[PDB]
Amino acid sequence: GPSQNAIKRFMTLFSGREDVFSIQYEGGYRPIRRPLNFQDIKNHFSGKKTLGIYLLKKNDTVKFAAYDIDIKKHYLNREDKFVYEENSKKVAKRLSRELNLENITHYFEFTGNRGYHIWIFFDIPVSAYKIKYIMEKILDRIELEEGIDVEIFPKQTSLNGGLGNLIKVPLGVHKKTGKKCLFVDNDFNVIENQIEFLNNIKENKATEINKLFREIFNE
DNA sequence: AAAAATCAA
Ligand SMILES: Nc1nc2c(ncn2[C@@H]2O[C@H](COP(=O)(O)OP(=O)(O)OP(=O)(O)O)[C@@H](O)[C@H]2O)c(=O)[nH]1
Ligand SMILES: Nc1ncnc2c1ncn2[C@H]1C[C@H](O)[C@@H](COP(=O)(O)NP(=O)(O)OP(=O)(O)O)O1
Ligand SMILES: Nc1ncnc2c1ncn2[C@H]1C[C@H](O)[C@@H](COP(=O)(O)NP(=O)(O)OP(=O)(O)O)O1
Ligand SMILES: [Co+2]
Ligand SMILES: [Co+2]
Ligand SMILES: [Co+2]
Ligand SMILES: [Co+2]
């Protein structure tokens, strides 16, 4: 059924480090020293565990990348927090417009607490430094807003024998708040049929993205 | 049976 296809599809899209992943608890994350499995993903989808994925494979390539638009911590508790909610969507729309201009297919996710991820998926892994560079240059094009932080995963160009950074992946439960992390549309409205959205997500071409790095870098 | 908690920039 569609939900079973979603299990296999999730594993292909959020494919990072081969042999380590992460789970969220209340106050941190913890590495799990083995490959992610189907049972891990069923536990993600049901709320029994919350998965985070290390983006960098052992050869310092990534199969996906993400912007992380956040409300700054000290803006969170304000009574006019709705302003910085708007601002976070303003910054996300600007980034997305640039990404569309570069024909980079991407998807929005409400992260279950204080912001949004913009997910970028690749059919074949690409060098972590190349996508990171593209994402940094695109950020350098847009106006920012007060109280918003934009973060770029991958955070590393290379592991140097380490794990790198991980990102909490969608369709799970945010352990800081108990709310589902869900895909949203271009207007930030929650998609009703998440499973089907997941099964329609498209991968960018590594060949195109590789060409785009040389192009932006202008050699 | 449940409490405890990693790893990075
Ligand atoms: N790897 C790792 N990254 C972190 C950790 N804490 C924060 N970050 C990252 O740093 C960014 C800034 O978040 P902050 O809210 O300022 O994090 P903090 O200063 O440690 O305080 P809290 O997250 O509220 O506990 C986050 O979006 C995360 O990407 C951590 O303990 N380990
Ligand atoms: N203590 C920690 N240890 C290891 N990795 C962590 C971490 N904290 C975060 N990360 C990783 C996983 C995280 O996904 C990412 C930074 O995300 P955040 O901005 O802190 N939280 P998110 O974007 O997921 O949702 P929202 O912002 O609404 O709270 O770095
Ligand atoms: N004076 C005003 N006039 C019209 N709409 C207003 C408004 N004040 C607030 N709105 C609201 C009601 C409108 O339905 C909503 C639309 O604003 P976006 O969705 O941010 N931008 P757009 O839809 O034009 O396209 P894209 O997202 O691709 O950029 O703003
Ligand atoms: Co911290
Ligand atoms: Co962040
Ligand atoms: Co965030
Ligand atoms: Co709109």
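All values below were derived from every heavy atom in this structure, side-chain atoms included, with hydrogens, water molecules and symmetry-related copies excluded. Chain letters run A, B, ... following the sequence lines, proteins first and then strands; every chain starts at 1.
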Inset, instruction - On DNA chain B, check which nucleotide each of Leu159(A) and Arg30(A) is closest to and give me the residue with the more 5' one. - result: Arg30(A)
Inset, instruction - On DNA chain B, check which nucleotide each of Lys155(A) and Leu166(A) is closest to and give me the residue with the more 5' one. - result: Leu166(A)
Inset, instruction - Report yes if a side-chain nitrogen or oxygen of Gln156(A) is closer than 4.0 Å to either non-bridging phosphate oxygen (OP1 or OP2) of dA8(B); otherwise report no. - result: no
Inset, instruction - Determine, using ring centers only, whether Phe45(A) and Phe10(A) are less than 6.0 Å apart. - result: yes
Inset, instruction - Step through it carefully: locate the ring centre of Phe122(A), locate the ring centre of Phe64(A), and say whether they are under 6.0 Å apart. - result: no
Whole angstroms only, please: what is the [atom1]-[atom2] distance between [X] and [N]?
{"X": "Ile23(A)", "N": "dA2(B)", "atom1": "CD1", "atom2": "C1'", "value": "14 Å"}
{"X": "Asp19(A)", "N": "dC7(B)", "atom1": "CG", "atom2": "P", "value": "13 Å"}
{"X": "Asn165(A)", "N": "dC7(B)", "atom1": "CG", "atom2": "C1'", "value": "8 Å"}
{"X": "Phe21(A)", "N": "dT6(B)", "atom1": "CZ", "atom2": "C1'", "value": "13 Å"}
{"X": "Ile32(A)", "N": "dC7(B)", "atom1": "CD1", "atom2": "P", "value": "11 Å"}
{"X": "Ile167(A)", "N": "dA8(B)", "atom1": "CD1", "atom2": "P", "value": "17 Å"}
{"X": "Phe153(A)", "N": "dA8(B)", "atom1": "CZ", "atom2": "P", "value": "14 Å"}
{"X": "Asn160(A)", "N": "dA9(B)", "atom1": "CG", "atom2": "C1'", "value": "13 Å"}

Legend entry - Given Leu139(A), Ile138(A), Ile131(A), the one that forms side chain to side chain contact (heavy atoms under 4.5 Å, CB included) with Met135(A): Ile131(A)
Inset, instruction - Check the geometry between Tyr25(A) and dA4(B) and answer yes if their rings are stacked (centres below 5.5 Å, planes below 30°), otherwise no. - result: no
Legend entry - Among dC7(B), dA9(B), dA5(B), the nucleotide that comes nearest once only the side chain of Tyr54(A) is considered: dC7(B)
Legend entry - Side chain of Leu163(A) - closest among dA9(B), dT6(B), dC7(B): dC7(B)
Inset, instruction - Would you kindly check if the NZ (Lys) or CZ (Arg) of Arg214(A) is within the cone defined by 45 degrees around the ring axis of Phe217(A) and under 6.0 Å from the six-membered ring centre? - result: no
Inset, instruction - Please state whether the rings of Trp119(A) and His117(A) are parallel, tilted or perpendicular, taking 30° and 60° as the class boundaries. - result: perpendicular
